[PDB]
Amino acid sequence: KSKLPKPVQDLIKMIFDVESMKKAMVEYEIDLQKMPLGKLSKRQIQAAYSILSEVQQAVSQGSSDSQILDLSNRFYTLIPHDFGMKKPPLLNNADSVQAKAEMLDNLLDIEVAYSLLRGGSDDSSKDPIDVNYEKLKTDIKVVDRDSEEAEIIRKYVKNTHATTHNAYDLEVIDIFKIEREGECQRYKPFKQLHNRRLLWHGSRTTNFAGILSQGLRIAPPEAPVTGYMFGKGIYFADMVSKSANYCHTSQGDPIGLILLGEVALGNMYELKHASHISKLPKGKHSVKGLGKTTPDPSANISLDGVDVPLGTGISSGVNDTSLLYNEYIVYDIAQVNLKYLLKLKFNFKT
């Protein structure tokens, strides 16, 4: 039996759950008989990303719906969808491109989780929880409830929950201090860079085995840049509820996982509307999506020399913007240093 803490053990079980991976694929209307978990490959997802990038071209250049039909069908050939003997819905718009790009982002993380679980070594004498924990190459420790860092994190959760996200309230079950192998060494060029903030990153439970082993990555070159609001980068939020929406929890699965990462933002490229950029303008290290609401800047605190915007939501004074809340995007994976992993219970009030 495993000597790991019970919350650490429950975390491993949750992220390496094969049925949850299958459930996530079903959600994206994938045909599991034509394409099960085992048949998924980095190559197939990449080829589908490229076919989606072709759909991105047809939509923008106002191509005929009879020319988009073959591009749409090609995507379904690479990624089989559950429609049986019926014709599948037409991928002829930017929304369909975005939705299928999000699916492929998840499939790429699900593939990493499954390859980890099916690769390596099988040993009956060792606890399967301990074996799977080692595969993540991440030091996971339980943060003591009565510690100052736990009080800071709980205040951050409590204060940055938005009114427009009141269909549920949030309960912090566990706070994990995480240390990805080699990540501190990778973050070294940006360790002293100004504007370093502790920000939120919400994702589906089925993506965390991929996130903890490989780190938060950027969508591949094959991915359609127009399917990403501020281009292919790593997205963060200063509001817990904005990130918590990306946990994709329901009444049937109310437990989610959220990250707290130290992001070296530096000189921010402040944007109000969609900008599908491949590269940042000279002298800029990040993009700040200007939201209508911002945490109180006077209420900012410093946890290990890192700014924690745990202030309650106040008006930013930003007019004519497509965002209700701020977002932060970095375009170099070395600019992120993951600090905490939170297990949350979503108490749906609907």
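Basically, rigid core = biggest C-alpha set you can superpose within 1.5 Å across the two forms. Counting begins at 1, following the sequence as shown.
Fit on the core, then compare CA atoms: does 66-74 or 282-290 lie farther from this form in 5 other deposited structures of this protein?
More C-alpha displacement in 5 other deposited structures of this protein shows up in 66-74.
Farther-lying stretch by C-alpha RMS in 5 other deposited structures of this protein, rigid core as reference, of 57-65 and 313-321:
It is 57-65 whose C-alphas lie farther from the shown form in 5 other deposited structures of this protein.
Look up the CA B-factors in the entry and say which stretch, 174-182 or 140-148, has the higher mean.
Per the PDB record, 140-148.
Comparing 19-27 with 325-333, which stretch shows the greater average C-alpha B-factor in the deposited entry?
Higher mean C-alpha B-factor in the PDB entry: 19-27.
Based on what the PDB entry reports, which of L290, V306, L310, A47 has the top C-alpha B-factor?
That would be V306, according to the entry.
In the PDB entry, which of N245, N73, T164, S125 has its C-alpha at the highest B-factor?
Max CA B-factor in the entry, restricted to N245, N73, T164, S125: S125.
Relative C-alpha B-factor of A209, binned into the chain's lowest, middle or highest third:
Bottom third by C-alpha B-factor.
According to the PDB entry, is the CA B factor of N159 in the bottom, middle or top third of its chain, that is, lowest, middle or highest?
According to the entry, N159 has a C-alpha B-factor in the chain's middle third.
For the chain shown, is the CA B-factor of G261 in the lowest, middle or highest third of its modelled residues?
Answer is lowest: the recorded C-alpha B-factor places it there.
Quick one: classify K345 as lowest, middle or highest third of the chain based on its Cα B-factor.
According to the entry, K345 has a C-alpha B-factor in the chain's lowest third.
For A113, return the chain-relative third of its C-alpha B-factor as stated in the PDB record: lowest, middle or highest.
For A113, whose C-alpha B-factor we compare with every modelled residue in the chain, the answer is the middle third.
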